[PDB]
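These notes are about the structure you will find just below.
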Amino acid sequence: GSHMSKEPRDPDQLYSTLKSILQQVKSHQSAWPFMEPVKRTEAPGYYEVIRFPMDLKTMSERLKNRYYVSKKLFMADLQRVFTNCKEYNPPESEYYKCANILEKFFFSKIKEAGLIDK
Ligand SMILES: Cc1ccc(NCCCN)c([N+](=O)[O-])c1
């Protein structure tokens with residue numbers, strides 16, 4: 001294309017462009033802490049430090065029914081998983097580590113697919 005290329009635009013192209021990302025992030029090495037949603041008490045405080053508990057257990061599931069078909073929409077979700085993990089997980093646990101790793105891959109991935117609502 002010419003200029004303004006970074007953009008999913010077509011809601012049919014983004015359906016898979018988002019799918020591939022969520023699929024790679026899951027297979028990635030920093031996605032095991034987000035696959036299963038943490039328990040309500042298993043965490044030091046997930047019912048407060050995190051007002052929007054969002055993990056990978058809902059992303060693909062919602063994408064299965066094209067529930068996620070927008071830039072800031074999917075971005076915010078995954079971006080919510082990394083920030084959420086770093087939110088409850090203090091600067092001294094594996095959750096923060098992988099959160100920074102996956103977030104790195106994710107960003108580079110969305111930057112390539114032409115997503116990133118920022
Ligand atoms: C706070 C907390 C709660 C639970 C878990 N375990 C994974 C929770 C979904 N199986 C972790 N963690 O670092 O794996 C942290």
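Each chain in the structure tokens gets a letter, A, B and so on, in the order shown; residues start at 1 in every chain, and ligands are counted from 1 in the order they appear.
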
(request) Compute the set of protein, DNA and RNA residues whose minimum atom distance to ligand 1 is at most 7 Å, using only C-alpha atoms and all ligand atoms, and state it as a count of residues only. (result) 13

(message) Which residues are close to residue A:19, i.e. within 9 Å by only C-alpha atoms, leaving aside same-chain residues fewer than 6 positions away? Reply as a ChimeraX atom specification.
(response) /A:59-60,63-64

Using C-alpha atoms, can you export the residues from the last selection as a tab-separated table (two decimals), in the first residue's frame?
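So the final result, stored in result.tsv, reads:
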chain	number	residue	atom	x	y	z
A	59	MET	CA	-9.13	-13.76	24.20
A	60	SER	CA	-9.14	-16.69	21.74
A	63	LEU	CA	-12.12	-14.38	18.90
A	64	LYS	CA	-13.66	-17.77	18.00

Taking only residues of stretch 64-113 of chain A that have an atom at most 9 Å from an atom of stretch 4-11 of chain A, what is each one's shortest atom pair and its distance in Å to one decimal, using only C-alpha atoms, in chain and number order, as a tab-separated table?
residue	atom	partner	partner_atom	distance
A:66	CA	A:11	CA	9.0
A:69	CA	A:11	CA	5.8
A:70	CA	A:11	CA	7.3
A:71	CA	A:8	CA	7.5
A:111	CA	A:6	CA	7.3
A:112	CA	A:6	CA	7.5
A:113	CA	A:6	CA	7.0

(request) Rank A:98, A:103, A:47, A:78 by their smallest atom-to-atom distance to residue A:32, using only C-alpha atoms, and report the top residue only. (result) A:98

(request) Please provide as a ChimeraX atom specification all residues within 12 Å of residue A:90, with the sequence filter that same-chain residues fewer than 5 positions apart are discarded (counting only C-alpha atoms). (result) /A:43-45,49,83-85,95-97,99

(message) According to DSSP computed on the backbone, where in stretch 57-111 of chain A is there helix (DSSP H, G or I)? Give the residues as an MDAnalysis selection string.
(response) chainID A and resid 57:64 71:88 94:111

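When atom CA of residue A:105 is paired with atom CA of residue A:14, their separation reads 18.1 Å.
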
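Computed from the coordinates, the atom CA of residue A:61 to atom CA of residue A:46 distance equals 21.7 Å.
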
(request) Give the answer as one residue: which of A:115, A:22, A:81, A:102 has the shortest atom-to-atom distance to residue A:62, using only C-alpha atoms? (result) A:22

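Nearest residue to residue A:79, choosing from A:116, A:58, A:48, A:3 and counting only C-alpha atoms: A:116.
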
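For the atom pair formed by atom CA of residue A:41 and atom CA of residue A:29, the distance is 25.2 Å, given to one decimal.
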
(message) Taking only C-alpha atoms into account, name the residue in A:117, A:55, A:21, A:65 that is nearest to residue A:77.
(response) A:55
